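Pasting structure.csv here (CSV, C-alpha atoms):
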chain,number,residue,atom,x,y,z
A,2,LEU,CA,5.6,-10.3,-22.9
A,3,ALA,CA,8.3,-13.0,-22.7
A,4,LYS,CA,10.1,-12.9,-19.3
A,5,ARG,CA,13.5,-14.2,-18.4
A,6,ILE,CA,15.0,-15.6,-15.2
A,7,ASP,CA,18.7,-15.0,-14.7
A,8,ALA,CA,21.2,-16.4,-12.1
A,9,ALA,CA,24.3,-14.4,-11.1
A,10,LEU,CA,27.4,-16.2,-9.7
A,11,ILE,CA,30.0,-14.2,-7.8
A,12,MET,CA,33.5,-15.7,-8.3
A,13,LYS,CA,37.0,-15.2,-6.9
A,14,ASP,CA,40.1,-17.2,-7.8
A,15,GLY,CA,37.9,-19.5,-9.9
A,16,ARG,CA,35.5,-20.4,-7.1
A,17,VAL,CA,31.9,-19.4,-6.4
A,18,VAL,CA,32.1,-17.1,-3.4
A,19,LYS,CA,30.2,-18.9,-0.5
A,20,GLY,CA,29.4,-21.8,-2.8
A,21,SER,CA,25.9,-23.4,-3.0
A,22,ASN,CA,23.8,-26.0,-1.2
A,23,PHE,CA,23.3,-28.4,-4.1
A,24,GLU,CA,24.6,-31.7,-2.6
A,25,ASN,CA,24.2,-33.4,-6.0
A,26,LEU,CA,27.1,-31.5,-7.5
A,27,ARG,CA,30.7,-32.9,-7.4
A,28,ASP,CA,31.9,-29.5,-6.4
A,29,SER,CA,29.1,-27.1,-5.3
A,30,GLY,CA,31.7,-24.2,-5.5
A,31,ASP,CA,32.7,-24.9,-9.1
A,32,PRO,CA,31.1,-22.1,-11.1
A,33,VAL,CA,31.2,-24.2,-14.3
A,34,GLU,CA,29.4,-27.1,-12.7
A,35,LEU,CA,26.9,-24.9,-10.9
A,36,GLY,CA,26.2,-22.8,-14.0
A,37,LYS,CA,25.6,-26.0,-16.1
A,38,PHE,CA,23.2,-27.3,-13.5
A,39,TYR,CA,21.2,-24.1,-13.5
A,40,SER,CA,21.0,-24.2,-17.2
A,41,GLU,CA,19.5,-27.7,-17.0
A,42,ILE,CA,16.8,-26.8,-14.4
A,43,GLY,CA,15.3,-23.6,-15.9
A,44,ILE,CA,17.7,-20.6,-15.6
A,45,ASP,CA,17.4,-18.7,-18.9
A,46,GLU,CA,20.7,-16.7,-18.8
A,47,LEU,CA,23.7,-16.7,-16.5
A,48,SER,CA,25.9,-13.9,-15.2
A,49,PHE,CA,29.4,-14.6,-14.0
A,50,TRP,CA,30.9,-11.7,-11.8
A,51,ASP,CA,34.6,-11.9,-11.0
A,52,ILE,CA,36.3,-10.2,-8.0
A,53,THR,CA,39.7,-11.8,-8.4
A,54,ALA,CA,42.9,-9.9,-7.5
A,55,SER,CA,44.3,-7.8,-10.3
A,56,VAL,CA,47.5,-9.8,-11.0
A,57,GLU,CA,45.6,-13.1,-12.0
A,58,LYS,CA,42.3,-11.5,-12.8
A,59,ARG,CA,42.5,-11.2,-16.6
A,60,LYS,CA,43.7,-14.8,-17.1
A,61,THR,CA,41.2,-16.1,-14.5
A,62,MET,CA,38.2,-14.5,-16.3
A,63,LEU,CA,39.4,-15.6,-19.7
A,64,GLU,CA,39.8,-19.2,-18.5
A,65,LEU,CA,36.3,-19.1,-16.9
A,66,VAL,CA,34.6,-17.8,-20.0
A,67,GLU,CA,36.3,-20.5,-22.2
A,68,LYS,CA,35.2,-23.3,-19.8
A,69,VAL,CA,31.6,-22.0,-19.5
A,70,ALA,CA,31.2,-21.6,-23.2
A,71,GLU,CA,32.2,-25.2,-23.8
A,72,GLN,CA,29.9,-26.7,-21.2
A,73,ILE,CA,26.7,-24.5,-21.3
A,74,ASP,CA,24.3,-23.9,-24.1
A,75,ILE,CA,22.4,-20.8,-22.8
A,76,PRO,CA,23.6,-17.2,-23.1
A,77,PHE,CA,25.9,-15.8,-20.5
A,78,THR,CA,27.4,-12.5,-19.4
A,79,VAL,CA,30.7,-11.8,-17.7
A,80,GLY,CA,31.4,-8.8,-15.6
A,81,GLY,CA,33.5,-7.5,-12.8
A,82,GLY,CA,36.0,-4.6,-13.4
A,83,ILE,CA,35.7,-4.6,-17.2
A,84,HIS,CA,37.2,-1.1,-17.8
A,85,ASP,CA,38.1,-0.8,-21.5
A,86,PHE,CA,37.2,-2.2,-25.0
A,87,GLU,CA,40.2,-4.5,-25.2
A,88,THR,CA,39.2,-6.4,-22.0
A,89,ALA,CA,35.6,-6.6,-23.1
A,90,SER,CA,36.6,-7.8,-26.6
A,91,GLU,CA,38.9,-10.6,-25.4
A,92,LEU,CA,36.2,-11.9,-23.1
A,93,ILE,CA,33.5,-11.9,-25.8
A,94,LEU,CA,35.9,-13.6,-28.3
A,95,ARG,CA,36.8,-16.2,-25.8
A,96,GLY,CA,33.2,-17.2,-25.4
A,97,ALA,CA,31.0,-14.7,-23.5
A,98,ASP,CA,27.8,-13.6,-25.2
A,99,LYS,CA,27.6,-10.3,-23.3
A,100,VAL,CA,29.7,-8.1,-21.0
A,101,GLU,CA,28.2,-6.4,-18.0
A,102,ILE,CA,29.7,-2.9,-17.2
A,103,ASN,CA,29.0,-0.3,-14.5
A,104,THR,CA,31.5,2.1,-13.1
A,105,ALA,CA,33.6,2.2,-16.3
A,106,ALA,CA,30.5,3.0,-18.3
A,107,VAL,CA,29.5,5.9,-16.0
A,108,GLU,CA,33.0,7.4,-16.2
A,109,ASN,CA,33.3,6.9,-19.9
A,110,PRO,CA,29.9,6.4,-21.6
A,111,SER,CA,31.6,6.1,-25.0
A,112,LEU,CA,32.8,2.7,-23.8
A,113,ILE,CA,29.2,1.5,-24.3
A,114,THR,CA,29.3,2.6,-28.0
A,115,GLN,CA,32.8,1.3,-28.6
A,116,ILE,CA,31.8,-2.2,-27.5
A,117,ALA,CA,28.5,-2.1,-29.4
A,118,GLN,CA,30.2,-1.0,-32.6
A,119,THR,CA,32.1,-4.2,-32.8
A,120,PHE,CA,29.9,-6.7,-31.0
A,121,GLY,CA,26.4,-5.1,-31.4
A,122,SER,CA,24.2,-3.5,-28.8
A,123,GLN,CA,23.0,-7.0,-27.7
A,124,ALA,CA,26.5,-7.7,-26.3
A,125,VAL,CA,26.4,-4.7,-24.0
A,126,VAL,CA,24.7,-4.9,-20.6
A,127,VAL,CA,24.9,-1.8,-18.4
A,128,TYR,CA,24.4,-2.5,-14.7
A,129,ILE,CA,22.9,0.6,-13.0
A,130,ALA,CA,23.2,0.7,-9.2
A,131,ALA,CA,20.8,3.3,-7.8
A,132,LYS,CA,19.6,4.5,-4.4
A,133,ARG,CA,17.2,7.2,-3.1
A,134,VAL,CA,19.1,10.3,-1.9
A,135,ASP,CA,17.1,13.4,-0.7
A,136,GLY,CA,14.0,12.2,-2.6
A,137,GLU,CA,15.7,11.4,-5.9
A,138,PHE,CA,17.0,8.2,-7.6
A,139,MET,CA,20.8,8.7,-7.9
A,140,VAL,CA,23.4,6.6,-9.7
A,141,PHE,CA,26.2,5.0,-7.5
A,142,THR,CA,29.6,3.7,-8.6
A,143,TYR,CA,32.4,1.7,-7.0
A,144,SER,CA,30.3,-1.0,-5.5
A,145,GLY,CA,27.9,1.5,-4.0
A,146,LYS,CA,30.6,3.6,-2.4
A,147,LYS,CA,30.3,6.8,-4.6
A,148,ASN,CA,27.2,8.9,-5.2
A,149,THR,CA,27.9,10.2,-8.7
A,150,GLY,CA,25.3,13.0,-8.4
A,151,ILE,CA,23.9,11.7,-11.7
A,152,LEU,CA,20.1,11.2,-11.7
A,153,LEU,CA,18.9,7.7,-12.6
A,154,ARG,CA,16.5,9.3,-15.1
A,155,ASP,CA,19.3,11.0,-17.0
A,156,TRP,CA,21.6,8.0,-17.0
A,157,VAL,CA,19.0,5.6,-18.3
A,158,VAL,CA,18.3,7.8,-21.3
A,159,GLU,CA,22.1,8.3,-22.0
A,160,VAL,CA,22.8,4.5,-21.7
A,161,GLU,CA,20.2,3.8,-24.4
A,162,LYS,CA,21.5,6.7,-26.6
A,163,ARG,CA,25.0,5.3,-26.3
A,164,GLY,CA,23.9,1.9,-27.7
A,165,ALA,CA,23.5,-0.5,-24.7
A,166,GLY,CA,21.4,-3.5,-25.3
A,167,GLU,CA,20.0,-4.2,-21.8
A,168,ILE,CA,19.9,-2.4,-18.4
A,169,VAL,CA,20.2,-4.3,-15.1
A,170,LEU,CA,18.6,-2.1,-12.5
A,171,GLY,CA,20.2,-2.9,-9.1
A,172,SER,CA,18.6,-1.3,-6.1
A,173,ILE,CA,21.1,-0.5,-3.3
A,174,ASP,CA,18.0,0.2,-1.2
A,175,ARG,CA,17.4,-3.6,-1.3
A,176,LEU,CA,20.9,-5.0,-1.0
A,177,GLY,CA,20.9,-7.9,1.5
A,178,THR,CA,17.2,-7.7,2.0
A,179,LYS,CA,14.6,-10.4,1.2
A,180,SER,CA,11.6,-8.0,1.1
A,181,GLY,CA,11.2,-7.9,-2.7
A,182,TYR,CA,12.6,-6.2,-5.7
A,183,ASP,CA,12.4,-2.4,-5.8
A,184,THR,CA,9.2,-2.2,-7.9
A,185,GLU,CA,8.9,1.6,-7.4
A,186,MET,CA,12.3,2.0,-9.0
A,187,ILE,CA,11.4,-0.4,-11.9
A,188,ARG,CA,8.2,1.5,-12.5
A,189,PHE,CA,10.2,4.8,-12.5
A,190,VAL,CA,12.6,3.5,-15.1
A,191,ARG,CA,10.1,1.7,-17.4
A,192,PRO,CA,8.7,4.7,-19.3
A,193,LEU,CA,12.2,6.1,-19.8
A,194,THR,CA,13.7,3.4,-22.0
A,195,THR,CA,12.8,0.9,-24.7
A,196,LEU,CA,15.5,-1.5,-23.6
A,197,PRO,CA,15.0,-4.7,-21.6
A,198,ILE,CA,15.1,-4.0,-17.9
A,199,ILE,CA,16.6,-6.7,-15.6
A,200,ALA,CA,15.6,-6.4,-11.9
A,201,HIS,CA,18.3,-7.1,-9.3
A,202,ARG,CA,18.5,-7.0,-5.5
A,203,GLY,CA,15.8,-7.8,-2.9
A,204,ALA,CA,14.3,-11.1,-4.1
A,205,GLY,CA,13.4,-13.4,-1.2
A,206,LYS,CA,10.4,-15.5,-2.5
A,207,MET,CA,8.7,-16.5,-5.7
A,208,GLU,CA,6.0,-13.9,-5.5
A,209,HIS,CA,8.7,-11.1,-5.6
A,210,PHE,CA,9.4,-12.2,-9.2
A,211,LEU,CA,5.8,-11.8,-10.2
A,212,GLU,CA,5.8,-8.3,-8.6
A,213,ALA,CA,8.9,-7.3,-10.6
A,214,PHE,CA,7.3,-8.4,-13.9
A,215,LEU,CA,4.1,-6.5,-13.1
A,216,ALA,CA,6.3,-3.5,-12.6
A,217,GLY,CA,7.6,-3.8,-16.1
A,218,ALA,CA,10.8,-5.8,-15.7
A,219,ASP,CA,11.7,-8.0,-18.7
A,220,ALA,CA,13.9,-10.2,-16.6
A,221,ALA,CA,14.7,-10.9,-13.0
A,222,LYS,CA,18.2,-11.8,-11.7
A,223,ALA,CA,19.1,-13.2,-8.4
A,224,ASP,CA,21.9,-15.1,-6.7
A,225,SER,CA,22.0,-16.2,-3.1
A,226,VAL,CA,18.3,-17.0,-3.1
A,227,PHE,CA,19.0,-19.7,-5.7
A,228,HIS,CA,22.5,-20.8,-4.4
A,229,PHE,CA,21.2,-21.3,-0.9
A,230,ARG,CA,18.0,-22.9,-2.2
A,231,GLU,CA,15.5,-20.4,-0.6
A,232,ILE,CA,13.8,-20.5,-4.0
A,233,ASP,CA,13.8,-23.5,-6.3
A,234,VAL,CA,14.2,-22.5,-10.0
A,235,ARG,CA,11.8,-25.0,-11.5
A,236,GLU,CA,9.2,-24.2,-8.8
A,237,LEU,CA,9.6,-20.5,-9.6
A,238,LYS,CA,9.0,-21.1,-13.3
A,239,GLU,CA,6.0,-23.2,-12.7
A,240,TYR,CA,4.6,-20.6,-10.3
A,241,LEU,CA,5.1,-17.7,-12.8
A,242,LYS,CA,3.5,-19.7,-15.6
A,243,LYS,CA,0.5,-20.6,-13.4
A,244,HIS,CA,-0.1,-16.9,-12.8
A,245,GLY,CA,0.0,-15.9,-16.4
A,246,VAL,CA,3.6,-14.8,-16.9
A,247,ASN,CA,5.1,-15.8,-20.3
A,248,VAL,CA,8.1,-17.8,-19.1
A,249,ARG,CA,9.9,-20.6,-20.8
A,250,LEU,CA,9.6,-24.3,-19.7
A,251,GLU,CA,9.5,-27.5,-21.6
So that I can check it, write out the structure of this file as structure tokens.
Amino acid sequence: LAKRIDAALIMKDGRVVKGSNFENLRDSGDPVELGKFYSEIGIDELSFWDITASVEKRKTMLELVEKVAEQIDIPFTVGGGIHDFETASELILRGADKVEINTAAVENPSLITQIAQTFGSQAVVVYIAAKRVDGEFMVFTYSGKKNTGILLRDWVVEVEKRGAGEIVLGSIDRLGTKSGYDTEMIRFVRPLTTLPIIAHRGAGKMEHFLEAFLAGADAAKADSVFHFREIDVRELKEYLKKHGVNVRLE
């Protein structure tokens, strides 16, 4: 099974929030330059997540997408408060390959179908933030602030039915930790969907990526562990290939 390594970049006002430790870059906080560098060292796909204030947010995200599409030749997603079809459409047309949606999809699951009808399922990534509550995996919205009362098991099935292309499974039980991806959650979700599962939250060392792939993840996404250079991307790819994981190098 081919496996993918993804890097996520959190952005505000056109800048990478908290930057990165790559001293070789002209501007280690420029999301375009940082994303281009990642694409040259072994990242397979990029995610750009925007948290800009509402008044400049739409134009900021559109300008980001346009610049990234010109400079980078790997697929990328954009996300962060994409609430309706028109917003998703303008970002895809401006250059993004995929949009990543969460709270708006939970509140209006037909948004998944509406985007997929024009852009295909492959353009729709649903990010599912989940946490254990009273012994059950529950779906959370609004950056983890709201327990929806929807079971993870039910939402995964609905997301596929509505036409999503990929699911990013983010474990709130691992946010800020470096103890590993939530492999129990990945194993819980794996039999429920045919879609690619992207693990998110908890990665602290290269072996954690191996564990996530053994759990059934098709891709593993991380952020600060790469930006602060706790894990080197090329070392990670060499490690995974050494231990039998079908990852891409050259």
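In this structure, atom CA of residue A:143 sits 6.2 Å away from atom CA of residue A:104.
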As an exercise, work out the distance from atom CA of residue A:166 to atom CA of residue A:182 in Å and give it to one decimal place.
21.7 Å
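Atom CA of residue A:82 to atom CA of residue A:105 spans 7.8 Å [interatomic distance, one decimal].
Using all atoms listed in the file, the residues found no farther than 10 Å from residue A:119, other than those of its own chain fewer than 4 positions away, are residues 86, 90, 114, 115 and 124 of chain A.
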Listing only residues of stretch 65-147 of chain A within 12 Å of stretch 9-15 of chain A, what is the closest atom pair and its distance in Å (to one decimal) for each, using all atoms listed in the file, sorted by chain and residue number ascending, as a tab-separated table?
residue	atom	partner	partner_atom	distance
A:65	CA	A:15	CA	7.2
A:66	CA	A:15	CA	10.8
A:68	CA	A:15	CA	10.9
A:69	CA	A:15	CA	11.8
A:77	CA	A:9	CA	9.6
A:78	CA	A:9	CA	9.1
A:79	CA	A:9	CA	9.6
A:80	CA	A:11	CA	9.6
A:81	CA	A:11	CA	9.1
A:101	CA	A:9	CA	11.3
At most 12 Å is the cut-off: for each residue in stretch 38-127 of chain A with any atom that close to an atom of stretch 190-206 of chain A, write down the nearest atom pair and the distance in Å rounded to one decimal, counting all atoms listed in the file, chain first then increasing number, as JSON lines.
{"residue": "A:46", "atom": "CA", "partner": "A:199", "partner_atom": "CA", "distance": 11.3}
{"residue": "A:48", "atom": "CA", "partner": "A:199", "partner_atom": "CA", "distance": 11.8}
{"residue": "A:101", "atom": "CA", "partner": "A:199", "partner_atom": "CA", "distance": 11.8}
{"residue": "A:122", "atom": "CA", "partner": "A:196", "partner_atom": "CA", "distance": 10.3}
{"residue": "A:123", "atom": "CA", "partner": "A:196", "partner_atom": "CA", "distance": 10.2}
{"residue": "A:125", "atom": "CA", "partner": "A:196", "partner_atom": "CA", "distance": 11.4}
{"residue": "A:126", "atom": "CA", "partner": "A:199", "partner_atom": "CA", "distance": 9.7}
{"residue": "A:127", "atom": "CA", "partner": "A:199", "partner_atom": "CA", "distance": 10.0}
Can you work out which one of A:70, A:42, A:26, A:33 has the shortest atom-to-atom distance to residue A:234, counting all atoms listed in the file?
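Once distances to residue A:234 are computed over all atoms listed in the file, the minimum belongs to A:42.
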Tell me which protein, DNA and RNA residues are within 9 Å of residue A:149, counting all atoms listed in the file, leaving out same-chain ones fewer than 6 positions away, and put them as a PyMOL selection string.
chain A and resi 107+139-142
For residue A:88, which residue among A:67, A:132, A:116, A:23 is the nearest when counting all atoms listed in the file?
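Of A:67, A:132, A:116, A:23, the one nearest residue A:88 is A:116, counting all atoms listed in the file.
Using all atoms listed in the file, the shortest contact distance between residue A:112 and any of A:208, A:71, A:87, A:98 is found at A:87.
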Using only C-alpha atoms, which residue out of A:235, A:59, A:188, A:163 lies closest to residue A:214?
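Among the listed residues, A:188 lies closest to residue A:214.
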Show which residues sit within 12 Å of residue A:247, as a PyMOL selection string. Count only C-alpha atoms, and ignore same-chain residues fewer than 4 positions away.
chain A and resi 2-6+211+214-215+219-220+238-243
Nearest to residue A:135, restricted to only C-alpha atoms and choosing among A:225, A:152, A:120, A:168, comes out as A:152
Need the shell around residue A:172: protein/DNA/RNA residues with any atom at most 6 Å away, counting all atoms listed in the file. Skip same-chain ones fewer than 3 positions apart. Format as a list in words?
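The residues satisfying every condition are residues 130, 131, 175 and 202 of chain A.
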